[PDB]
Amino acid sequence: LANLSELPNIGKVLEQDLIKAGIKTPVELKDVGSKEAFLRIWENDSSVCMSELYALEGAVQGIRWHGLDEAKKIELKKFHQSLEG
Amino acid sequence: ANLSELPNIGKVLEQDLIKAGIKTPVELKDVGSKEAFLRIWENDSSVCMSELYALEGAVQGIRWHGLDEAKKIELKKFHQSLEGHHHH
């Protein structure tokens, strides 16, 4: 398998945060999905941001996040809004 | 993407960037954080280290909190020099 940090949108720091949250490979990331991965990281470090949720979803979909469809961006913004608070 | 969809860029920093002629993420990457910071600082010298870190983190696609230590020190040296504290 690829390293998490080779996936689109996932740099070294997001890879470290995923690993610290228990998500260690692309297969684990796709299994849990972006929203749940984000929440797990948030439980450790609440500085993880709306942009990093977009990055995780892009990684799951295998695309740079700028290209996410509009409905998905709005869904993820609505999720991040529900959390904060 | 909009500027305010990039990591660390709030609505007010997006407005400051636009006012300084930096209107898109591509335009921000093209000029980089130090030039973008100078442009906003020229308009408002109250912008400060926080904004510089935010801008570099935006360029790198990461929360500023994750910037490498070398980059953070590089940015601090630049900011200190701008604000009247060059190294001796």
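When reading the values below, keep in mind they use all heavy atoms of this one structure, side chains included, and skip hydrogens, waters and symmetry mates. Lettering follows sequence order; numbering is per chain, from 1.
The cluster map of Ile, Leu, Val, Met, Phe, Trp and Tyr, joined by side-chain heavy atoms under 4.5 Å apart, puts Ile63(A) and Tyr54(A) in the same cluster. At a threshold of 4.5 Å between side-chain heavy atoms, the hydrophobic network of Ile, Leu, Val, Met, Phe, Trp and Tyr places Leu83(A) and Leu18(A) in one connected group.
Counting only distance, with no hydrogens or angles, the side chain of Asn44(A) and the backbone of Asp17(A) share no donor-acceptor pair below 3.5 Å. No donor-acceptor pair under 3.5 Å is formed between the side chain of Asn8(B) and the backbone N or O of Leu55(B). Put simply, the side chain of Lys29(B) never gets that close to the backbone of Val59(B): no donor and acceptor are under 3.5 Å apart. Of the possible polar contacts, one joining the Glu52(A) side chain to the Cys49(A) backbone as a donor-acceptor pair under 3.5 Å is found. Judged by distance alone, with hydrogens and angles left aside, the side-chain atoms of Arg40(A) form no donor-acceptor pair with the main-chain N or O of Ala21(A) at under 3.5 Å.
For residues 78-88 of chain B, the pairs satisfying side chain to side chain donor-acceptor pair (under 3.5 Å) are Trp41(B)-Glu83(B), with sequence neighbours left out. The salt bridge (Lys or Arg N to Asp or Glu O under 4.0 Å) contacts involving residues 54-78 of chain A comprise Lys35(A)-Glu75(A), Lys72(A)-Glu75(A), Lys73(A)-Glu5(B), where partners must be two or more places apart or lie in separate chains.
The NZ atom of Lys12(A) sits 8.5 Å away from atom CG of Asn3(A), with the distance rounded to the nearest 0.5 Å. Interatomic distance, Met49(B) CE to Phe78(B) CZ, rounded to the nearest 0.5 Å: 9.5 Å. We find the CD1-CD distance between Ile19(A) and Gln16(A) to be 7.0 Å, quoted to the nearest 0.5 Å. How far CG of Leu82(B) is from CZ of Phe37(B): 6.5 Å, rounded to the nearest 0.5 Å. Separation of atoms CG (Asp30(B)) and CD1 (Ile22(B)) is listed at 10.0 Å; rounding is to 0.5 Å.
Closest approach of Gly66(B) and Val13(A) over heavy atoms only: CA-CG2, 4.1 Å. Looking at every heavy atom in both residues, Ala1(B) comes nearest to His66(A) through CB-CD2, 3.5 Å. Across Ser51(A) and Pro7(B), no two heavy atoms sit closer than the pair OG-N, 3.2 Å.
Looking at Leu3(B) and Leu28(B), their side chains come closer than 4.5 Å, going by heavy atoms from C-beta outward. Taking the side chain as every heavy atom from C-beta outward, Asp44(B) and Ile40(B) never approach each other to under 4.5 Å. You'll find the side chain of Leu52(B) stays beyond 4.5 Å of the side chain of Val47(B), heavy atoms only.
A donor and an acceptor atom, one from each side chain of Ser4(B) and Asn2(B), are nowhere located under 3.5 Å apart.
For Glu84(A), the CD atom is densely surrounded, since the number of other residues' heavy atoms within 6.0 Å is greater than 12.
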